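Right, one structure below, let's go through it.
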Amino acid sequence: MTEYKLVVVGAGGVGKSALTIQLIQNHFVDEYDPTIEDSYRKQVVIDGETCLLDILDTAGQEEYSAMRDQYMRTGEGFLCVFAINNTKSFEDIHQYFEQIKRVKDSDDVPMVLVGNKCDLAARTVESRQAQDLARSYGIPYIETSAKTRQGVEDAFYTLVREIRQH
Ligand SMILES: Nc1nc2c(ncn2[C@@H]2O[C@H](COP(=O)(O)OP(=O)(O)NP(=O)(O)O)[C@@H](O)[C@H]2O)c(=O)[nH]1
Ligand SMILES: [Ca+2]
Ligand SMILES: [Mg+2]
Ligand SMILES: [Mg+2]
């Protein structure tokens with residue numbers, strides 16, 4: 001079956017793992033559990049087609065630079081996550097965009113900008129700010145909550161559709 005190599009990137013703590021675990025394992029549990037590198041392979045049906053989602057869940061940790069270069073090189077589409085209550089994480093996300101472009105020598109890589117934790121009240125990043133940034137890379141902006149599952153399938157399936165019709 002067709003395989004989609006998805007990579008979830010972003011600053012530490014923004015909810016990369018929570019989003020992936022919500023998608024694959026249908027749940028959220030609030031816990032501290034930083035990631036090194038975790039792979040999830042799940043066979044799903046998206047718009048009538050059987051496909052294999054090969055999702056690499058990456059570390060926010062800035063020390064794994066070499067590891068970041070290799071998974072950007074081999075990844076097909078990128079979920080670029082920040083948290084809407086963490087301005088720094090949003091400032092950092094454009095750095096991820098530029099690294100993806102440099103390593104893949106393309107400004108045509110399928111990507112989705114994900115503003116996560118949209119269930120929390122203390123929002124510090126306005127949606128308009130994130131839409132602007134997304135527009136300037138030609139990519140969609142989708143807000144998510146790994147806790148309530150809001151937007152989660154939207155974000156991941158939109159990325160698959162961005163690949164599908166590249
Ligand atoms: N309210 C709320 N909390 C969330 C959400 N997503 C994640 N969290 C919480 O925020 C923390 C960070 O989540 P986590 O998924 O581990 O982030 P990460 O980006 O994978 N971290 P790392 O880069 O270290 O692997 C955890 O306490 C988690 O429960 C969300 O959508 N809403
Ligand atoms: Ca559930
Ligand atoms: Mg993680
Ligand atoms: Mg290059």
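The way I read the labels, and the way they are meant: chains A, B, ... in the order of the structure tokens, residue 1 as the first residue of every chain, and ligand 1 as the first ligand shown, with later ones counted on from there.
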Taking the DSSP assignment computed from this structure's backbone, write out as a ChimeraX atom specification all residues of chain A that belong to strand (DSSP E or B). /A:2-10,37-46,49-58,77-83,111-116,141-143
Give me the residues within 9 Å of segment 124-128 of chain A as a compact mmCIF listing (two decimals) with N, CA, C and O atoms, in the first residue's frame, counting only C-alpha atoms and dropping any in the same chain fewer than 6 places off.
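Listed below is the output, result_8.txt:
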```txt
# COMPACT_ATOMS: atom_id res chain seq x y z
N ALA A 83 2.68 25.70 20.28
CA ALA A 83 1.55 25.75 21.20
C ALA A 83 1.04 27.17 21.32
O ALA A 83 1.83 28.11 21.47
N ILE A 84 -0.28 27.33 21.25
CA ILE A 84 -0.85 28.67 21.17
C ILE A 84 -0.72 29.44 22.47
O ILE A 84 -1.09 30.62 22.52
N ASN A 85 -0.22 28.81 23.54
CA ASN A 85 0.07 29.48 24.80
C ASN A 85 1.57 29.66 25.03
O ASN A 85 1.99 29.92 26.16
N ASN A 86 2.39 29.51 23.99
CA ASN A 86 3.84 29.57 24.13
C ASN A 86 4.38 30.34 22.94
O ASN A 86 4.63 29.77 21.87
N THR A 87 4.59 31.64 23.13
CA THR A 87 5.05 32.50 22.04
C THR A 87 6.40 32.06 21.51
O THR A 87 6.62 32.01 20.29
N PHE A 90 6.24 29.45 18.87
CA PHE A 90 5.85 30.00 17.57
C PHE A 90 7.02 30.71 16.90
O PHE A 90 7.24 30.57 15.69
N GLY A 115 -1.21 24.86 15.32
CA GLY A 115 -1.27 25.55 16.60
C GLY A 115 -1.99 24.72 17.64
O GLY A 115 -3.23 24.65 17.63
N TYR A 141 -2.89 26.37 7.83
CA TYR A 141 -2.82 26.52 9.28
C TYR A 141 -4.03 25.83 9.90
O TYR A 141 -5.17 26.11 9.52
N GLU A 143 -5.57 24.57 13.84
CA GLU A 143 -5.43 24.54 15.29
C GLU A 143 -5.96 23.22 15.83
O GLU A 143 -6.93 22.66 15.30
```
Go ahead and compute the interatomic distance for atom CA of residue 120 of chain A and atom CA of residue 150 of chain A, in Å to one decimal.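 Between atom CA of residue 120 of chain A and atom CA of residue 150 of chain A the gap works out to 12.2 Å.
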Using only C-alpha atoms and all ligand atoms, which residues of the polymer chains come no farther than 6 Å from ligand 1? I'd like the answer as a PyMOL selection string. chain A and resi 11-18+29-35+59-60+116-117+119-120+145-147
Write to file, as an mmCIF file, in the first residue's frame, the residues of the selection just made, with N, CA, C and O atoms.
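Full text of selection.cif as output:
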```cif
data_model
loop_
_atom_site.group_PDB
_atom_site.id
_atom_site.type_symbol
_atom_site.label_atom_id
_atom_site.label_comp_id
_atom_site.auth_asym_id
_atom_site.auth_seq_id
_atom_site.Cartn_x
_atom_site.Cartn_y
_atom_site.Cartn_z
ATOM 1 N N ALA A 11 9.119 22.792 18.840
ATOM 2 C CA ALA A 11 9.834 23.042 20.090
ATOM 3 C C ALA A 11 9.397 22.059 21.175
ATOM 4 O O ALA A 11 8.338 21.440 21.099
ATOM 5 N N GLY A 12 10.239 21.906 22.199
ATOM 6 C CA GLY A 12 9.917 20.969 23.263
ATOM 7 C C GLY A 12 8.643 21.365 23.982
ATOM 8 O O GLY A 12 8.413 22.538 24.293
ATOM 9 N N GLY A 13 7.791 20.378 24.246
ATOM 10 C CA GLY A 13 6.629 20.569 25.086
ATOM 11 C C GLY A 13 5.363 21.051 24.402
ATOM 12 O O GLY A 13 4.335 21.176 25.080
ATOM 13 N N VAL A 14 5.391 21.300 23.084
ATOM 14 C CA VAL A 14 4.232 21.844 22.365
ATOM 15 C C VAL A 14 3.138 20.819 22.088
ATOM 16 O O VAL A 14 2.011 21.203 21.738
ATOM 17 N N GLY A 15 3.429 19.531 22.226
ATOM 18 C CA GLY A 15 2.414 18.510 22.121
ATOM 19 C C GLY A 15 2.568 17.620 20.909
ATOM 20 O O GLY A 15 1.584 17.045 20.433
ATOM 21 N N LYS A 16 3.794 17.496 20.393
ATOM 22 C CA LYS A 16 4.014 16.632 19.235
ATOM 23 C C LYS A 16 3.585 15.199 19.538
ATOM 24 O O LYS A 16 2.827 14.588 18.778
ATOM 25 N N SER A 17 4.036 14.661 20.673
ATOM 26 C CA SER A 17 3.685 13.297 21.056
ATOM 27 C C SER A 17 2.211 13.164 21.371
ATOM 28 O O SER A 17 1.576 12.182 20.977
ATOM 29 N N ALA A 18 1.664 14.121 22.116
ATOM 30 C CA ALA A 18 0.253 14.072 22.454
ATOM 31 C C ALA A 18 -0.603 14.018 21.202
ATOM 32 O O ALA A 18 -1.557 13.240 21.126
ATOM 33 N N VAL A 29 -3.388 11.589 27.830
ATOM 34 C CA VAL A 29 -3.126 11.590 29.264
ATOM 35 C C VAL A 29 -2.076 12.649 29.534
ATOM 36 O O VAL A 29 -1.001 12.625 28.926
ATOM 37 N N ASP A 30 -2.391 13.581 30.432
ATOM 38 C CA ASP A 30 -1.458 14.649 30.752
ATOM 39 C C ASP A 30 -0.286 14.074 31.539
ATOM 40 O O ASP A 30 -0.458 13.643 32.680
ATOM 41 N N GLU A 31 0.904 14.056 30.936
ATOM 42 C CA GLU A 31 2.079 13.529 31.620
ATOM 43 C C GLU A 31 3.346 14.084 30.987
ATOM 44 O O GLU A 31 3.362 14.461 29.818
ATOM 45 N N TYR A 32 4.414 14.107 31.775
ATOM 46 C CA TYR A 32 5.713 14.571 31.314
ATOM 47 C C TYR A 32 6.499 13.361 30.815
ATOM 48 O O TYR A 32 6.764 12.437 31.588
ATOM 49 N N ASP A 33 6.856 13.356 29.525
ATOM 50 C CA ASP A 33 7.502 12.178 28.937
ATOM 51 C C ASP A 33 8.234 12.581 27.659
ATOM 52 O O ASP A 33 7.795 12.245 26.552
ATOM 53 N N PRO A 34 9.339 13.314 27.774
ATOM 54 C CA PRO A 34 10.010 13.852 26.580
ATOM 55 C C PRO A 34 10.498 12.761 25.644
ATOM 56 O O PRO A 34 10.922 11.689 26.075
ATOM 57 N N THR A 35 10.463 13.045 24.344
ATOM 58 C CA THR A 35 10.790 12.014 23.370
ATOM 59 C C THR A 35 12.219 12.137 22.862
ATOM 60 O O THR A 35 12.784 13.230 22.759
ATOM 61 N N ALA A 59 12.184 14.725 18.776
ATOM 62 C CA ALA A 59 12.506 15.465 19.991
ATOM 63 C C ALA A 59 12.506 16.956 19.702
ATOM 64 O O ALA A 59 13.061 17.403 18.694
ATOM 65 N N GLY A 60 11.891 17.729 20.600
ATOM 66 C CA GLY A 60 12.089 19.168 20.565
ATOM 67 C C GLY A 60 13.499 19.588 20.922
ATOM 68 O O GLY A 60 13.921 20.681 20.537
ATOM 69 N N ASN A 116 -1.242 24.065 18.522
ATOM 70 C CA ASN A 116 -1.793 23.054 19.413
ATOM 71 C C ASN A 116 -2.144 23.649 20.774
ATOM 72 O O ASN A 116 -1.834 24.802 21.074
ATOM 73 N N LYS A 117 -2.805 22.830 21.601
ATOM 74 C CA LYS A 117 -3.283 23.220 22.933
ATOM 75 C C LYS A 117 -4.369 24.294 22.850
ATOM 76 O O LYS A 117 -4.507 25.133 23.746
ATOM 77 N N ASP A 119 -7.311 24.096 23.479
ATOM 78 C CA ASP A 119 -8.238 23.959 24.591
ATOM 79 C C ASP A 119 -7.907 24.865 25.771
ATOM 80 O O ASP A 119 -8.780 25.093 26.608
ATOM 81 N N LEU A 120 -6.679 25.365 25.885
ATOM 82 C CA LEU A 120 -6.323 26.166 27.047
ATOM 83 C C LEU A 120 -6.696 27.627 26.868
ATOM 84 O O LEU A 120 -6.633 28.183 25.772
ATOM 85 N N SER A 145 -6.274 20.401 19.481
ATOM 86 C CA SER A 145 -6.162 20.059 20.897
ATOM 87 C C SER A 145 -5.940 18.558 20.997
ATOM 88 O O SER A 145 -6.840 17.776 20.693
ATOM 89 N N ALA A 146 -4.742 18.145 21.400
ATOM 90 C CA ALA A 146 -4.538 16.726 21.662
ATOM 91 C C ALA A 146 -5.375 16.239 22.844
ATOM 92 O O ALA A 146 -5.668 15.047 22.935
ATOM 93 N N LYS A 147 -5.771 17.139 23.745
ATOM 94 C CA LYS A 147 -6.568 16.738 24.898
ATOM 95 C C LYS A 147 -7.996 16.402 24.494
ATOM 96 O O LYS A 147 -8.509 15.334 24.838
#
```
Protein and nucleic residues near ligand 4, 6 Å, only C-alpha atoms and all ligand atoms, as an MDAnalysis selection string: chainID A and resid 102:103 105
As an exercise, work out the distance from atom CA of residue 160 of chain A to atom CA of residue 26 of chain A in Å and give it to one decimal place. 18.7 Å
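When only C-alpha atoms and all ligand atoms are used to measure the gap to ligand 3, the shortest distance among A:129, A:41, A:81, A:67 belongs to A:81.
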Protein and nucleic acid residues within 9 Å of ligand 2 (only C-alpha atoms and all ligand atoms) as a CSV table (one decimal) with C-alpha atoms, in the first residue's frame:
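Result file out_6.csv:
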```csv
chain,number,residue,atom,x,y,z
A,22,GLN,CA,-4.2,10.9,20.2
A,25,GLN,CA,-4.0,5.4,20.3
A,26,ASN,CA,-7.2,7.5,20.6
A,27,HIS,CA,-6.4,9.1,23.9
A,28,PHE,CA,-4.8,11.9,25.9
A,148,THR,CA,-10.0,17.0,23.3
A,149,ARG,CA,-9.0,15.6,19.9
```
Of A:7, A:66, A:121, A:93, the one sitting nearest residue 40 of chain A when using only C-alpha atoms is A:7
I'd like a table as a tab-separated table: residues in segment 73-165 of chain A with an atom no more than 12 Å from segment 43-49 of chain A, each row giving the shortest atom pair and its distance in Å to one decimal, only C-alpha atoms counted, sorted by chain and rising residue number.
```
residue	atom	partner	partner_atom	distance
A:153	CA	A:46	CA	10.3
A:154	CA	A:46	CA	11.2
A:156	CA	A:46	CA	10.5
A:157	CA	A:46	CA	7.3
A:158	CA	A:46	CA	10.2
A:159	CA	A:46	CA	11.4
A:160	CA	A:46	CA	8.5
A:161	CA	A:46	CA	8.9
A:164	CA	A:46	CA	10.5
```
Where does DSSP see alpha helix (DSSP H) in segment 15-91 of chain A, if you list the residues as a CSV table (one decimal) with N, CA, C and O atoms, in the first residue's frame?
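And here's part09.csv as it stands now:
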```
chain,number,residue,atom,x,y,z
A,16,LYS,N,3.8,17.5,20.4
A,16,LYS,CA,4.0,16.6,19.2
A,16,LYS,C,3.6,15.2,19.5
A,16,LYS,O,2.8,14.6,18.8
A,17,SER,N,4.0,14.7,20.7
A,17,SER,CA,3.7,13.3,21.1
A,17,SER,C,2.2,13.2,21.4
A,17,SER,O,1.6,12.2,21.0
A,18,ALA,N,1.7,14.1,22.1
A,18,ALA,CA,0.3,14.1,22.5
A,18,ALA,C,-0.6,14.0,21.2
A,18,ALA,O,-1.6,13.2,21.1
A,19,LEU,N,-0.3,14.8,20.2
A,19,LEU,CA,-1.0,14.8,18.9
A,19,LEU,C,-0.9,13.4,18.3
A,19,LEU,O,-1.9,12.9,17.8
A,20,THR,N,0.3,12.9,18.2
A,20,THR,CA,0.5,11.6,17.5
A,20,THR,C,-0.2,10.5,18.3
A,20,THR,O,-0.9,9.6,17.7
A,21,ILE,N,-0.1,10.5,19.6
A,21,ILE,CA,-0.7,9.4,20.4
A,21,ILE,C,-2.3,9.5,20.4
A,21,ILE,O,-3.0,8.5,20.3
A,22,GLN,N,-2.8,10.8,20.3
A,22,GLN,CA,-4.2,10.9,20.2
A,22,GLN,C,-4.7,10.3,18.8
A,22,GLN,O,-5.6,9.6,18.7
A,23,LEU,N,-3.9,10.6,17.7
A,23,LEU,CA,-4.3,10.1,16.4
A,23,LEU,C,-4.3,8.5,16.4
A,23,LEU,O,-5.2,7.9,16.0
A,24,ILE,N,-3.2,8.0,16.9
A,24,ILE,CA,-2.9,6.5,16.7
A,24,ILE,C,-3.6,5.7,17.9
A,24,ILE,O,-4.1,4.6,17.7
A,25,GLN,N,-3.5,6.2,19.1
A,25,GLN,CA,-4.0,5.4,20.3
A,25,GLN,C,-5.2,6.0,20.9
A,25,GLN,O,-5.7,5.6,22.0
A,65,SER,N,20.8,17.8,16.8
A,65,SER,CA,20.8,18.4,15.5
A,65,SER,C,21.1,17.4,14.4
A,65,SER,O,20.4,17.4,13.3
A,66,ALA,N,22.1,16.5,14.5
A,66,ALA,CA,22.3,15.5,13.5
A,66,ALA,C,21.1,14.7,13.2
A,66,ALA,O,20.8,14.4,12.1
A,67,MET,N,20.5,14.2,14.3
A,67,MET,CA,19.2,13.5,14.2
A,67,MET,C,18.2,14.2,13.4
A,67,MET,O,17.4,13.6,12.6
A,68,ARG,N,18.1,15.6,13.6
A,68,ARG,CA,17.1,16.4,12.9
A,68,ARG,C,17.4,16.4,11.4
A,68,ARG,O,16.5,16.3,10.6
A,69,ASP,N,18.7,16.6,11.0
A,69,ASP,CA,19.0,16.7,9.6
A,69,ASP,C,18.6,15.4,8.9
A,69,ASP,O,18.1,15.4,7.8
A,70,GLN,N,18.8,14.2,9.5
A,70,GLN,CA,18.6,13.0,8.8
A,70,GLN,C,17.1,12.7,8.6
A,70,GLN,O,16.6,12.2,7.6
A,71,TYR,N,16.2,13.1,9.6
A,71,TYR,CA,14.8,12.8,9.4
A,71,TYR,C,14.1,13.8,8.5
A,71,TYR,O,13.1,13.6,7.9
A,72,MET,N,14.7,15.1,8.5
A,72,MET,CA,14.1,16.0,7.5
A,72,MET,C,14.5,15.5,6.1
A,72,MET,O,13.7,15.7,5.2
A,73,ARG,N,15.7,15.0,5.9
A,73,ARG,CA,16.1,14.5,4.6
A,73,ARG,C,15.2,13.4,4.1
A,73,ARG,O,14.8,13.5,2.9
A,74,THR,N,14.8,12.5,4.9
A,74,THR,CA,14.0,11.3,4.5
A,74,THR,C,12.5,11.5,4.6
A,74,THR,O,11.8,10.7,4.1
A,87,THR,N,4.6,31.6,23.1
A,87,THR,CA,5.0,32.5,22.0
A,87,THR,C,6.4,32.1,21.5
A,87,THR,O,6.6,32.0,20.3
A,88,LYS,N,7.3,31.7,22.4
A,88,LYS,CA,8.6,31.3,22.0
A,88,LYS,C,8.5,30.1,21.0
A,88,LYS,O,9.2,30.1,20.0
A,89,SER,N,7.6,29.1,21.2
A,89,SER,CA,7.5,28.0,20.3
A,89,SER,C,7.1,28.4,18.9
A,89,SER,O,7.5,27.9,17.9
A,90,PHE,N,6.2,29.4,18.9
A,90,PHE,CA,5.8,30.0,17.6
A,90,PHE,C,7.0,30.7,16.9
A,90,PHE,O,7.2,30.6,15.7
A,91,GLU,N,7.8,31.5,17.7
A,91,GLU,CA,9.0,32.1,17.1
A,91,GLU,C,10.0,31.1,16.6
A,91,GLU,O,10.6,31.3,15.6
```
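Taking only C-alpha atoms and all ligand atoms into account, ligand 3 lies nearest to A:8 out of the set A:79, A:134, A:8, A:1.
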If I take atom CA of residue 100 of chain A and atom CA of residue 75 of chain A, how far is one from the other in Å, to one decimal? 9.5 Å
Which residue, A:56, A:51, A:137, A:6, has the smallest gap to ligand 3 when you use only C-alpha atoms and all ligand atoms? A:56
My list of candidates is A:136, A:5, A:61, A:52. Which is closest to ligand 3 when distances are computed with only C-alpha atoms and all ligand atoms?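 The closest residue to ligand 3 is A:61.
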Which of A:99, A:2, A:58, A:50 sits closest to ligand 3 [using only C-alpha atoms and all ligand atoms]: A:58
